[PDB]
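Residue numbers (UniProt numbering): 1 to 14, 22 to 304.
All C-beta atoms in this analysis are idealised placements derived from N, C-alpha and C, irrespective of residue type, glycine included.
To start, the structure itself, in structure tokens.
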Ligand SMILES: O=C(O)c1ccccc1C(=O)O
Ligand SMILES: O=C(O)c1ccccc1C(=O)O
């Protein structure tokens with residue numbers, strides 16, 4: 001299906024680690040300047056994890072309408088991003104769903120290596136489940152994330168039973184799920200669609216300890232042979248995203264494992280579109296989240 005016109009225009013108009028991080032943040036700030044986020048009440052805090060303090064920001068909706076806390080893990084290849092880069096998305100999730108959202112500043116690579124952020128993300132989810140009753144909410148949490156953050160959400164979801172972590176649903180926004188296998192989309196959309204082959208490779212070099220880690224299920228959750236009993240899943244993909252096919256294949260595997268699953272491909276879109284508020288499809292996908300979550304209770 002053709003590229004979306006606004007996406008086409010965006011692509012046509014186009022250092023040290025610290026500098027690369029700053030450049031990523033500058034770009035996110037620019038898009039938020041173009042399309043300002045909704046006002047939203049927030050409170051910063053710090054969770055004690057097994058790998059150290061992890062900063063969080065709790066988002067409080069104007070009107071609470073959803074009975075589970077969301078815990079959101081930002082993307083950025085495990086190397087980039089923070090609560091501020093993903094505020095545009097999280098503010099909208101909060102206000103549109105009417106949900107309290109916990110946005111997590113997990114430790115970045117290469118300073119922290121796999122599987123440190125997985126452990127931290129479990130610890131924060133557990134914290135949220137324990138706090139939920141004092142917020143007037145159910146203890147079972149909804150985990151969410153984009154790209155690398157969708158990887159984290161998916162892995163947390165696979166570990167949840169074993170970690171005694173109650174999870175009501177998982178929201179995976181164009182996740183990375185299989186670091187072993189090449190898919191057609193990974194071959195065909197490797198260059199020129201924002202998320203590129205060279206970058207994916209480099210992110211893996213920063214995050215993983217050794218090349219063998221690609222086959223670990225906590226790195227590549229799509230390799231897990233038993234998906235039965237996992238949390239209800241919303242899997243959103245973009246048509247022209249190298250990660251599309253692994254996302255869609257995981258959704259099919261969940262569906263066939265009896266997991267209530269909604270799989271939505273946004274046609275004409277690219278990786279990253281749910282943190283790019285220049286595209287109306289970002290809000291459409293947030294509405295999809297709200298509609299999905301209406302069905303959880
Ligand atoms: O994880 C990713 O794909 C990613 C990679 C580089 C920058 C940003 C992102 C993001 O999702 O926010
Ligand atoms: O296999 C991948 O795509 C991938 C692998 C390692 C780190 C990050 C990613 C990512 O795109 O965010």
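Sequence-distant residues of its chain with Cβ nearer than 6 Å to residue i (five each side left out)
{"i": "residue 73", "result": "104, 105, 106, 300"}
{"i": "residue 185", "result": "227, 229, 253"}
{"i": "residue 159", "result": "80, 128, 152"}
{"i": "residue 125", "result": "162, 225"}
{"i": "residue 241", "result": "178, 269, 299"}
{"i": "residue 49", "result": "64, 66"}
{"i": "residue 52", "result": "63"}
{"i": "residue 247", "result": "196, 200, 277"}
{"i": "residue 258", "result": "242, 268, 270"}
{"i": "residue 117", "result": "213"}
{"i": "residue 3", "result": "275"}
Proximity to residue i [Cα-Cα], best of the options
{"i": "residue 79", "options": "45, 51, 131", "result": "131"}
{"i": "residue 212", "options": "62, 121, 112", "result": "121"}
{"i": "residue 276", "options": "94, 289, 29", "result": "289"}
{"i": "residue 17", "options": "175, 85, 77, 3", "result": "Residues lacking coordinates in the chain include everything strictly between 14 and 22, among them residue 17."}
{"i": "residue 304", "options": "201, 176, 209", "result": "176"}
{"i": "residue 18", "options": "250, 96, 257", "result": "Residue numbering in the chain breaks between 14 and 22, and residue 18 falls inside that break, so it has no position here."}
{"i": "residue 19", "options": "166, 23, 98, 218", "result": "No coordinates are present for residue 19, because the numbering of the chain runs from 14 directly to 22."}
{"i": "residue 96", "options": "117, 43, 69", "result": "43"}
{"i": "residue 55", "options": "156, 187, 173, 134", "result": "134"}
{"i": "residue 23", "options": "9, 59, 31", "result": "31"}
{"i": "residue 218", "options": "118, 231, 187, 68", "result": "187"}
{"i": "residue 214", "options": "257, 286, 83", "result": "83"}
{"i": "residue 172", "options": "147, 267, 9", "result": "147"}
{"i": "residue 182", "options": "157, 169, 192", "result": "157"}
{"i": "residue 101", "options": "256, 71, 35", "result": "71"}
{"i": "residue 119", "options": "76, 59, 68, 40", "result": "59"}
{"i": "residue 138", "options": "93, 76, 168", "result": "76"}
{"i": "residue 123", "options": "99, 108, 61", "result": "61"}
{"i": "residue 40", "options": "12, 68, 92, 3", "result": "92"}
{"i": "residue 232", "options": "14, 287, 264", "result": "264"}
{"i": "residue 155", "options": "25, 89, 6, 2", "result": "89"}
{"i": "residue 192", "options": "287, 208, 45, 245", "result": "245"}
{"i": "residue 45", "options": "68, 26, 4", "result": "68"}
8 Å CB neighbourhood of residue i in its chain, flanking five on each side removed
{"i": "residue 292", "result": "180, 243, 271, 273, 280, 281"}
{"i": "residue 38", "result": "95, 282, 283, 284, 285"}
{"i": "residue 47", "result": "66, 67, 68, 69, 98, 101, 102"}
{"i": "residue 221", "result": "186, 187, 211, 215, 227"}
{"i": "residue 260", "result": "229, 234"}
Cβ neighbours of residue i in the same chain (closer than 7 Å, five flanking residues each side left out)
{"i": "residue 190", "result": "252, 253"}
{"i": "residue 28", "result": "87"}
{"i": "residue 164", "result": "150, 174, 177, 237, 238"}
{"i": "residue 297", "result": "103, 104"}
Completely contained alpha helix (DSSP H) runs for the region 180-247, where each covers 4 or more residues: Taking 4 residues as the shortest admissible run, the region 180-247 contains the following complete alpha helix (DSSP H) segments, listed from N- to C-terminal end: 191-195, 204-214.
Would you check if there are 3 or more beta carbon pairs closer than 8 Å linking the region 140-151 to the region 194-202? They do not touch, by the three-pair rule.
Pick out the complete alpha helix (DSSP H) segments inside the region 49-137, 4 residues or longer, and give them in chain order. Within the region 49-137, the runs of alpha helix (DSSP H) at least 4 residues long that lie entirely inside it are, in chain order, 94-104.
Do the region 112-121 and the region 137-149 touch if we need at least three Cβ pairs shorter than 8 Å? Fewer than three beta-carbon pairs drawn from the region 112-121 and the region 137-149 are found closer than 8 Å, and the two stretches are therefore not classed as touching.
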